[PDB]
Amino acid sequence: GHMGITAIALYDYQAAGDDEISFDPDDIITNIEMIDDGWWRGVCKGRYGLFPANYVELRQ
């Protein structure tokens, strides 16, 4: 496994810019970079970019 820090989406998010990602509830976000306290970066469904940290739940 090379998925890094992962999280499960709690809410639907639609990317609002070419540097953001989108996800639906229960999608998995992989290789998360907790780069800022509000916006994180990670990989979801083939795209890498920013998303709201509080839209996901880190996997324990």
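Residues numbered from 1 in each chain as written, not as in the entry; some residues may be left out. Heavy atoms only, no water.

Structure determination for this entry is recorded as X-ray crystallography, at 1.18 Å resolution.

(A) A look at the overall build of the protein chain. Regarding its fold elements, the protein chain presents 0 helices and 5 strands. N-terminal to C-terminal, the α/β element order of the protein chain is β-β-β-β-β. Taken against the 2.2 N^0.38 rule, which gives 10 Å for 60 residues, the C-alpha radius of gyration of the protein chain at 10 Å falls within 12% of a compact globule. Overall, the C-alpha framework of the protein chain stretches about 30 × 25 × 20 Å when taken along its three principal axes. Residue burial in the protein chain is summarised as follows: out of 60 residues, 33% are buried. (Helix = DSSP H or I, 4+ residues; strand = E, 2+ residues; numbered from the N terminus. Rg over C-alpha atoms; globule rule 2.2 N^0.38 Å. Buried < 20%, exposed > 50% of the residue type's maximum accessible area, 1.4 Å probe, protein only.)

(B) Representation of the pattern of salt bridges within the structure. Inspection of the entire model under this criterion finds 3 salt bridges. With a closest N to O distance of 2.9 Å, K45 and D27 form a salt bridge. Linking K45 in the loop between β3 (39-44) and β4 (47-52) with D27 in the loop between β1 (7-9) and β2 (28-33), this pair joins segments that are 18 residues apart in sequence. Given a relative accessible area of 18%, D27 falls into the buried group. Through salt bridges with shared partners, a single ionic network connects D24, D27 and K45. (Salt bridge = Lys/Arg side-chain N within 4 Å of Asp/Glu carboxyl O.)

(C) Expanded view of the sheet that holds β1. Taken in spatial order, the 5 strands make up an open sheet running β4-β3-β2-β1-β5, and their pairing is antiparallel. Each edge of the open sheet carries a strand with a single partner, namely β4 and β5 (56-58). Strand-to-strand twist across the sheet, computed as the mean angle between neighbouring axes with direction ignored, equals 40 degrees. By the bridge criterion, 2 bridges tie β1 to β2 in an arrangement that is antiparallel. By the bridge assignment for β2, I8 is matched with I28. (Pairing = 2+ DSSP bridges. Axes fitted to C-alpha atoms, helices over the stretch in contact; angles between N-to-C directions.)

(D) Geometry of the pairing of β3. Residues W40, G42 and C44 of β3 are buried on one face, while the alternating residues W39, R41 and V43, pointing to the opposite face, are not. Bridging between β2 and β3 involves 2 bridges; their strand directions are antiparallel. Residue pairing in the sheet places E33 in a bridge with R41 of β3. In sequence, β2 turns back onto β3 through a hairpin of 5 residues. Of the pairings in the sheet, the one linking β3 to β4 comprises 6 bridges and is antiparallel in character. Counterpart to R41 in the pairing with β4 is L50. A loop of 2 residues connects β3 with β4, the two strands running antiparallel in sequence, and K45 in this loop sits at a positive phi of about 50 degrees.

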